[PDB]
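Asker: Below is one structure. I have some questions about it.
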Amino acid sequence: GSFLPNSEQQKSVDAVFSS
Amino acid sequence: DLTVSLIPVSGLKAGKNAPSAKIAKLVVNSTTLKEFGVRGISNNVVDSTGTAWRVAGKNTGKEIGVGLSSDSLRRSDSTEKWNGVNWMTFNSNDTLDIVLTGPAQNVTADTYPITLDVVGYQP
């Protein structure tokens, strides 16, 4: 098997805890 | 190529949360790649596969423990190494749950950034 380096992505989101 | 969505969970409330409370859903689709590897990215990753880590609240700086859910981990296809680095792999065209890890956590009201790295894998 092999990883595909050009396909690597970083994704971010905020989890919001409310009172 | 991979189409990646990371969706935050609605209605999260401060205070004592349920064990393994869901906080985000990771969605990875691909027409060309059969699997993907995923790791959490933060200032404190707490296991050797990057599948549990700590995140700090924007307004308070308080840390919570987050990671792939136990059910999501049990769906892994394998753990592979990319130049020696462990990445757990999963089927593309599927979703995974990010949760509050471990026993019940008491979460201070705040916004917590969750960051993941996803990479394609051909088995």
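Just remember, in the structure tokens the first chain shown is A, the second B, etc., residues are 1-based per chain, and ligands are 1-based in the order shown.
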Taking only C-alpha atoms into account, find every residue of chain B that has an atom no more than 6 Å from chain A, and write it out as JSON, numbers by chain.

Answerer: {"B": [1, 8, 12, 13, 14, 109, 110, 111, 112, 113, 114, 115, 116, 117, 118, 119, 120, 121, 122, 123]}

Asker: Among chain A, which residues does DSSP mark as strand (DSSP E) when it is run on the backbone? Keep the chain and numbering as in the structure and answer as an mmCIF file with C-alpha atoms, in the first residue's frame.

Answerer:
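The result, written out as selection-v8.cif:
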data_model
loop_
_atom_site.group_PDB
_atom_site.id
_atom_site.type_symbol
_atom_site.label_atom_id
_atom_site.label_comp_id
_atom_site.auth_asym_id
_atom_site.auth_seq_id
_atom_site.Cartn_x
_atom_site.Cartn_y
_atom_site.Cartn_z
ATOM 1 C CA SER A 2 0.991 3.654 -0.218
ATOM 2 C CA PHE A 3 0.017 7.100 0.981
ATOM 3 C CA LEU A 4 -0.647 9.836 -1.582
ATOM 4 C CA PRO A 5 1.171 12.962 -0.292
ATOM 5 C CA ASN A 6 -0.509 15.341 -2.731
ATOM 6 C CA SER A 7 -3.899 14.379 -1.321
ATOM 7 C CA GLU A 8 -3.053 15.432 2.253
ATOM 8 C CA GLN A 9 -5.389 18.169 3.657
ATOM 9 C CA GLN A 10 -5.860 19.908 7.014
ATOM 10 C CA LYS A 11 -9.420 20.757 8.093
ATOM 11 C CA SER A 12 -10.553 22.710 11.172
ATOM 12 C CA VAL A 13 -13.878 23.583 12.835
ATOM 13 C CA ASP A 14 -15.032 25.074 16.125
ATOM 14 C CA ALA A 15 -17.052 23.052 18.642
ATOM 15 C CA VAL A 16 -19.078 25.548 20.650
ATOM 16 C CA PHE A 17 -20.353 24.679 24.134
#

Asker: Using only C-alpha atoms, which of the listed residues (B:56, B:100, B:6, B:41) sits closest to residue 24 in chain B?

Answerer: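 Closest to residue 24 in chain B of all the choices is B:6.
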
Asker: Quick one: of B:45, B:107, B:64, B:38, who's nearest to residue 88 in chain B, counting only C-alpha atoms?

Answerer: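 Counting only C-alpha atoms, the residue closest to residue 88 in chain B is B:38.
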
Asker: What does the structure give for the distance between CA of residue 39 in chain B and CA of residue 57 in chain B, in Å to one decimal?

Answerer: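 So the two atoms, CA of residue 39 in chain B and CA of residue 57 in chain B, lie 19.8 Å apart.
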
Asker: Rounded to one decimal, what separation in Å do you get between CA of residue 36 in chain B and CA of residue 2 in chain B?

Answerer: 8.4 Å

Asker: At what distance in Å, to one decimal, does CA of residue 95 in chain B lie from CA of residue 108 in chain B?

Answerer: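 CA of residue 95 in chain B lies 27.4 Å from CA of residue 108 in chain B.
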